[PDB]
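A.B. asks: Before we start, here is the structure in question, set down as structure tokens.
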Amino acid sequence: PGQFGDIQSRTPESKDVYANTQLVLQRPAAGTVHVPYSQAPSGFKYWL
Amino acid sequence: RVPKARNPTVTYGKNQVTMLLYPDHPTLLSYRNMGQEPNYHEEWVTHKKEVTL
Amino acid sequence: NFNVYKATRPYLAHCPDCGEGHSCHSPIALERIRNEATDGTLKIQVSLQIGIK
Amino acid sequence: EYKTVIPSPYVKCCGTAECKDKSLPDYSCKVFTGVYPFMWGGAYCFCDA
Amino acid sequence: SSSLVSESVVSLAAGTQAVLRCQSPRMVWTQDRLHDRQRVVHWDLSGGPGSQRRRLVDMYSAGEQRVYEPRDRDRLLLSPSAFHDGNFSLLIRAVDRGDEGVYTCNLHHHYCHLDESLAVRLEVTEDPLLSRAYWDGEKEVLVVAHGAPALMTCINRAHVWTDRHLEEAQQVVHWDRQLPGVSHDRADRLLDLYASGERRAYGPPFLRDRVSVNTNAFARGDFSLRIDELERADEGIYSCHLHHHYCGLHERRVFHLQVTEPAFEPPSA
Amino acid sequence: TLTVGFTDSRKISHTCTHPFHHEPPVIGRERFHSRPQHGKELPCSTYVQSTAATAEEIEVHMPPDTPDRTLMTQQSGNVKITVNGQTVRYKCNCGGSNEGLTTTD
Amino acid sequence: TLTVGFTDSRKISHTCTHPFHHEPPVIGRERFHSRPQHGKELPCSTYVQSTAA
Ligand SMILES: *[C@@H]1O[C@H](CO)[C@@H](O)[C@H](O)[C@H]1NC(C)=O
Numbered sequence: 001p002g003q004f005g006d007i008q009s010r011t012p013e014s015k016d017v018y019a020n021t022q023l024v025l026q027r028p029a030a031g032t033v034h035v036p037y038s039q040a041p042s043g044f045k046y047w048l
Numbered sequence: 049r050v051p052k053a054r055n056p057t058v059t060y061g062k063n064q065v066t067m068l069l070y071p072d073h074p075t076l077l078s079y080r081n082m083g084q085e086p087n088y089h090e091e092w093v094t095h096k097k098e099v100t101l
Numbered sequence: 102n103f104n105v106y107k108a109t110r111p112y113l114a115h116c117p118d119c120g121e122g123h124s125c126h127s128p129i130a131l132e133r134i135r136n137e138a139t140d141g142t143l144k145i146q147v148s149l150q151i152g153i154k
Numbered sequence: 155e156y157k158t159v160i161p162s163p164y165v166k167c168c169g170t171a172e173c174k175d176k177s178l179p180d181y182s183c184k185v186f187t188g189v190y191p192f193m194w195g196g197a198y199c200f201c202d203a
Numbered sequence: 204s205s206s207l208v209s210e211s212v213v214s215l216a217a218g219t220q221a222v223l224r225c226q227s228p229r230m231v232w233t234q235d236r237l238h239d240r241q242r243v244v245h246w247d248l249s250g251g252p253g254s255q256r257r258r259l260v261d262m263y264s265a266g267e268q269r270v271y272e273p274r275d276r277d278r279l280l281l282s283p284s285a286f287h288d289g290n291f292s293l294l295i296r297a298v299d300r301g302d303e304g305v306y307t308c309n310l311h312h313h314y315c316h317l318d319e320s321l322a323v324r325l326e327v328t329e330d331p332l333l334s335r336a337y338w339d340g341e342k343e344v345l346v347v348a349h350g351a352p353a354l355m356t357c358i359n360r361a362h363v364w365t366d367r368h369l370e371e372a373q374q375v376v377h378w379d380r381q382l383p384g385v386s387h388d389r390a391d392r393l394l395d396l397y398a399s400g401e402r403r404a405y406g407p408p409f410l411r412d413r414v415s416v417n418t419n420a421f422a423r424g425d426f427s428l429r430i431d432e433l434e435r436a437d438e439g440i441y442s443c444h445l446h447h448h449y450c451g452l453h454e455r456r457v458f459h460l461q462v463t464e465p466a467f468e469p470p471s472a
Numbered sequence: 473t474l475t476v477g478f479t480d481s482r483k484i485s486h487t488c489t490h491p492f493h494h495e496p497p498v499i500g501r502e503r504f505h506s507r508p509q510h511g512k513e514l515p516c517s518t519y520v521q522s523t524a525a526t527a528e529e530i531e532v533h534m535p536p537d538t539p540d541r542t543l544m545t546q547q548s549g550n551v552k553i554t555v556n557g558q559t560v561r562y563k564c565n566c567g568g569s570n571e572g573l574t575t576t577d
Numbered sequence: 578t579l580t581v582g583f584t585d586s587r588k589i590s591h592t593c594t595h596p597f598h599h600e601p602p603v604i605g606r607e608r609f610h611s612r613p614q615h616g617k618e619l620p621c622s623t624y625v626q627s628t629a630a
């Protein structure tokens with residue numbers, strides 16, 4: 001997670017894919033309807 | 049209100065840790081012991097750094 | 102002639118700042134923002150719709 | 155680049171929701187108790203806790 | 204000078220956990236100031252008991268009036284600064300025969316969730332000498348000549364409706380305790396619940412460890428105190444006080460807590 | 473940070489903002505500002521204005537419920553349910569039909 | 578800086594400026610910019626819209 005290769009597919013049109021992105025959900029805040037989540041940012045977009 | 053921050057990723061090792069950390073804006077970091085000395089250090093961080101402890 | 106909005110409405114939401122610091126229920130609470138085009142073009146999913154009367 | 159698909163949260167008013175085990179990459183499910191969500195006209199759920 | 208809401212005596216057994224119920228839908232609020240200063244004016248038109256009412260025009264506070272019929276645009280007018288002096292009167296430029304019926308002026312404040320309305324029956328004649336304005340005992344009736352303008356007065360100069368500071372910022376709920384034999388006013392403060400969420404408890408640790416309210420108390424308008432491991436020092440007269448100084452809401456609930464009657468208790472009132 | 477704003481037909485302006493760190497990605501080897509009249513040509517990725525687009529899809533389905541408390545007035549100790557021409561579900565815990573969904577008053 | 582300004586009845590834009598080094602302070606340990614949705618709650622000091630002072 002957070003490194004180059006967090007998401008890997010075999011071909012540009014491969015329908016199945018391997019992913020290790022570390023999704024951890026946190027408890028939502030009082031009286032607000034939303035889905036807060038914690039996520040390691042894109043290894044590719046920061047790697048560049 | 050104030051933001052929280054993104055929980056970082058940790059890698060482990062014999063008697064040591066290595067913490068890979070992801071900021072978005074200038075954020076602080078601090079670390080210390082729990083013994084007779086605090087051995088205190090702290091650091092401002094702005095980019096996707098990893099540290100060893 | 103591009104009538105792909107036969108089942109549409111504005112979909113009002115809850116923005117963390119309507120101005121004046123504190124949060125509000127706005128019509129323009131942007132839900133998604135993608136910037137992967139390397140020429141700096143920000144692509145924003147806005148809660149309302151345009152064009153169709 | 156990855157895309158985090160997050161659908162609309164299932165708010166079960168006056169009941170307890172149940173997670174279904176799917177086969178999806180980094181599939182995450184969590185049931186939070188004691189939610190009191192607010193819409194335009196007050197609480198969306200009739201029950202308080 | 205606080206109005207009583209409901210009064211009960213509560214008897215429960217020693218060793219159990221007390222639940223002191225204090226609930227109010229009119230105390231619901233959240234940390235945010237999401238459109239708190241929002242009022243609405245709306246005029247409705249009806250035609251007796253056997254017809255269906257239609258909303259004609261509405262307007263938000265600090266905003267402009269919305270008309271539903273395109274013909275009636277620029278014809279049915281409110282003062283755009285109606286909310287500054289409480290002059291919610293409606294000027295209709297020219298009346299016709301289709302406008303006959305009872306018009307109701309509705310003011311509503313979304314924070315206090317108050318609504319207030321009065322009716323005026325409009326009847327359109329052809330002769331101007333039959334035109335009069337009178338009070339039938341419970342509503343105003345306006346007789347108007349055809350094509351003349353009609354100013355239907357709706358004035359409510361109460362502080363909640365006028366344009367003034369209109370920001371609460373300090374609603375507080377108080378939990379009080381009047382010990383057995385101990386007279387009131389010198390009662391020990393037990394709990395202060397501020398609209399911001401902060402609570403203030405007083406007293407030695409033996410008392411503070413047992414008194415709590417759920418963290419979303421004002422969010423759900425339920426201020427029931429849950430007291431674990433009931434001791435004799437918990438018996439007494441409790442009072443839940445909701446104070447909204449601005450909206451003129453000052454209510455309290457009073458509880459005579461006695462320790463007796465485990466399953467045989469008669470729940471009072 | 474980012475902000476969108478527009479003004480209603482009742483002439484009320486509304487601005488929704490969001491904390492987002494917009495940072496332009498560098499192209500080439502010069503942290504420039506605005507492209508000049510005399511440039512070298514490097515490939516890059518932008519958005520195009522194609523309307524009928526294939527395989528980028530969102531799930532459209534039914535809304536949830538619309539709660540409101542402003543549509544309830546005291547008709548001398550009663551609950552008048554104004555609907556304004558729609559379908560509304562009521563719920564309480566007193567005498568009579570303590571739950572149900574009406575359509576008109 | 579700080580610049581105030583208004584326009585006259587006789588269509589003259591008056592604009593008065595002043596030097597004022599404005600840096601709003603941090604709250605907690607995160608140099609953020611605006612209010613997010615998710616975030617902790619820390620006490621700060623604001624003003625009010627009242628006149629009866
Ligand atoms: C209310 O406003 C109207 C104009 O919109 C004005 O003619 C009328 O005199 C006002 N009411 C009072 C009591 O002054």
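Residue numbers (our numbering), protein chains in the order written: chain A, 1 to 48; chain B, 49 to 101; chain C, 102 to 154; chain D, 155 to 203; chain E, 204 to 472; chain F, 473 to 577; chain G, 578 to 630. We treat Cβ as the ideally placed atom computed from N, Cα and C, and that holds for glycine.
When you compare only the Cα positions, how much space is there between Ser214 of chain E and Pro407 of chain E?
C.D. replies: Distance between the alpha carbons of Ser214 of chain E and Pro407 of chain E is about 25 angstroms.
A.B. asks: So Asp277 of chain E and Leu259 of chain E are supposed to be a Cβ contact under 8 angstroms. How far apart are they, rounded?
C.D. replies: Contact flag wrong, Cβ pair sits at about 14 angstroms.
A.B. asks: Using beta carbons (cut-off 8 angstroms, strictly below), is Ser124 of chain C in contact with chain E?
C.D. replies: Chain E contact via Cβ: present.
A.B. asks: Does the distance between the C-beta of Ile604 of chain G and the nearest non-hydrogen atom of ligand 1 fall short of 7 angstroms?
C.D. replies: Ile604 of chain G: no, Cβ never under 7 angstroms from ligand 1.
A.B. asks: Evaluate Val476 of chain F with the Cβ neighbour count: other Cβ atoms within 10 Å of its Cβ, from every protein chain shown; 16 or more gives buried, anything less gives exposed.
C.D. replies: Looking at its Cβ environment, which holds 16 or more other Cβ atoms inside 10 Å, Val476 of chain F is buried.
A.B. asks: Less than 7 angstroms separating the Cβ of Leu294 of chain E from some heavy atom of ligand 1?
C.D. replies: Yes - ligand 1 has a heavy atom lying nearer than 7 angstroms to the Cβ of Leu294 of chain E.
A.B. asks: Using a threshold of 7 angstroms, is the CB atom of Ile358 of chain E nearer than that to any non-hydrogen atom of ligand 1?
C.D. replies: Indeed, a heavy atom of ligand 1 lies less than 7 angstroms from the Cβ.
A.B. asks: Would you identify the three-state DSSP class for residue 167 of chain E, choosing helix, strand or coil?
C.D. replies: No answer is possible for residue 167 of chain E: the residues shown for chain E start at 204 and end at 472.
A.B. asks: Could you check what DSSP says for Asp425 of chain E in three-state terms: helix, strand or coil?
C.D. replies: Residue state, collapsed to three classes: strand.
A.B. asks: Cα separation between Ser506 of chain F and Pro496 of chain F?
C.D. replies: Rounded to whole angstroms, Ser506 of chain F to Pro496 of chain F spans 12 angstroms at the Cα level.
A.B. asks: Given this structure, state the Cα-to-Cα distance separating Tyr181 of chain D from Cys173 of chain D, to the nearest angstrom.
C.D. replies: Approximately 11 angstroms between the Cα atoms of the pair.
A.B. asks: How far does the alpha helix (DSSP H) with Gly43 of chain A in it reach, from first residue to last?
C.D. replies: Start and end: 43-47.
A.B. asks: Please give me, in chain order, every unbroken run of the beta strand (DSSP E) with length at least 3 that falls completely inside the region 477-545 of chain F.
C.D. replies: The qualifying runs are 485-490.
A.B. asks: Would you check whether ligand 1 has a heavy atom nearer than 7 angstroms to the C-beta of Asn309 of chain E?
C.D. replies: No, ligand 1 has no heavy atom inside 7 angstroms of this Cβ.
A.B. asks: Within 8 angstroms of any Cβ in chain F, is that where the Cβ of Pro601 of chain G sits?
C.D. replies: Chain F, which has no Cβ nearer than 8 angstroms to the Cβ of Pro601 of chain G, makes this no.
A.B. asks: Who are the neighbours of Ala524 of chain F on chain C, taking C-beta pairs under 7 angstroms?
C.D. replies: Near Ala524 of chain F (Cβ distances below 7 angstroms), the residues of chain C are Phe103.
A.B. asks: Quick one: list the residues of chain A neighbouring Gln614 of chain G, beta-carbon separation under 8 angstroms, in chain order.
C.D. replies: The answer, in chain order, is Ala29, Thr32, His34, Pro36.
A.B. asks: Helix, strand or coil, according to DSSP, for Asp366 of chain E in the structure here?
C.D. replies: DSSP places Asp366 of chain E in coil when its eight states are reduced to three.
A.B. asks: Give me the residue from E:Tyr441, E:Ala422, E:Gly439 with the minimum Cα distance to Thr233 of chain E.
C.D. replies: For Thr233 of chain E, the nearest C-alpha among the options comes from E:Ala422.
A.B. asks: On a Cα-Cα basis, can you pick out the residue from E:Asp302, E:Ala372, E:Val346, E:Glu272 that is closest to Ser627 of chain G?
C.D. replies: When only C-alpha atoms are compared, the closest one is E:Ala372.
A.B. asks: Would you kindly report the start and end of the unbroken alpha helix (DSSP H) that includes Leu410 of chain E?
C.D. replies: Run containing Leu410 of chain E: 408-411, per the alpha helix (DSSP H) assignment.
A.B. asks: To the nearest angstrom, how far is the alpha carbon of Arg380 of chain E from that of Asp391 of chain E?
C.D. replies: Looking at the two C-alpha atoms, the distance is approximately 6 angstroms.
A.B. asks: Could you say if the region 441-448 of chain E and the region 80-97 of chain B meet the contact criterion of at least three C-beta pairs nearer than 8 angstroms?
C.D. replies: They do not touch, by the three-pair rule.
A.B. asks: Per DSSP, what kind of secondary structure is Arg435 of chain E in: helix, strand or coil?
C.D. replies: Residue state, collapsed to three classes: helix.
A.B. asks: Which of helix, strand or coil does DSSP assign to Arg49 of chain B?
C.D. replies: Of the three classes helix, strand and coil, the one that applies to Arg49 of chain B here is coil, per DSSP.
A.B. asks: Assign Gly616 of chain G to buried or exposed, taking buried as 16 or more other Cβ atoms, counted over all protein chains shown, within 10 Å of its Cβ.
C.D. replies: With 16 or more other Cβ atoms within 10 Å, it is buried.
A.B. asks: Thinking just about the alpha-carbon of each residue, which of C:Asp118, C:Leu143, C:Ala130 is nearest to the one in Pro111 of chain C?
C.D. replies: Closest option to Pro111 of chain C, Cα to Cα, is C:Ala130.
A.B. asks: Quick check on this structure: which residue in E:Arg360, E:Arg456, E:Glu370 has the alpha carbon closest to the alpha carbon of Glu210 of chain E?
C.D. replies: Comparing Cα positions, the closest option is E:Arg456.
A.B. asks: For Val414 of chain E, I'd like the list of residues in its chain whose CB is within less than 7 angstroms of its CB, leaving aside the five on either flank, ordered along the chain.
C.D. replies: For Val414 of chain E, where only same-chain residues beyond five positions count, the Cβ hits under 7 angstroms are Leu393, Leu394, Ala404, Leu428, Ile430.
A.B. asks: My guess is that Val231 of chain E and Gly424 of chain E are in contact by the Cβ rule of under 8 angstroms, so how many angstroms apart are they, rounded?
C.D. replies: Right, the Cβ-Cβ distance comes to about 4 angstroms (below 8 angstroms), so this counts as a contact.
A.B. asks: My output table needs one value for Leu393 of chain E: the three-state DSSP class, helix, strand or coil.
C.D. replies: If DSSP states are grouped into helix, strand and coil, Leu393 of chain E belongs with the strands.
A.B. asks: Considering only the beta carbon of each residue, do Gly43 of chain A and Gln3 of chain A sit closer than 8 angstroms?
C.D. replies: The answer is yes: Cβ separation under 8 angstroms.
A.B. asks: Taking 8 angstroms as the CB-CB limit, is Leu23 of chain A close to chain D?
C.D. replies: With 8 angstroms as the cut-off, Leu23 of chain A counts as an interface residue toward chain D.
A.B. asks: What residues match up with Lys563 of chain F in a beta bridge as DSSP calls it?
C.D. replies: Paired residues: F:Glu571.
A.B. asks: For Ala466 of chain E, name the three-state secondary structure that DSSP assigns.
C.D. replies: Looking at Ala466 of chain E - three-state DSSP - the assignment turns out to be coil, as it is neither helix nor strand.
A.B. asks: Use the C-beta contact count for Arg242 of chain E: other C-beta atoms within 10 angstroms, 16 or more gives buried, fewer gives exposed.
C.D. replies: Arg242 of chain E comes out buried.
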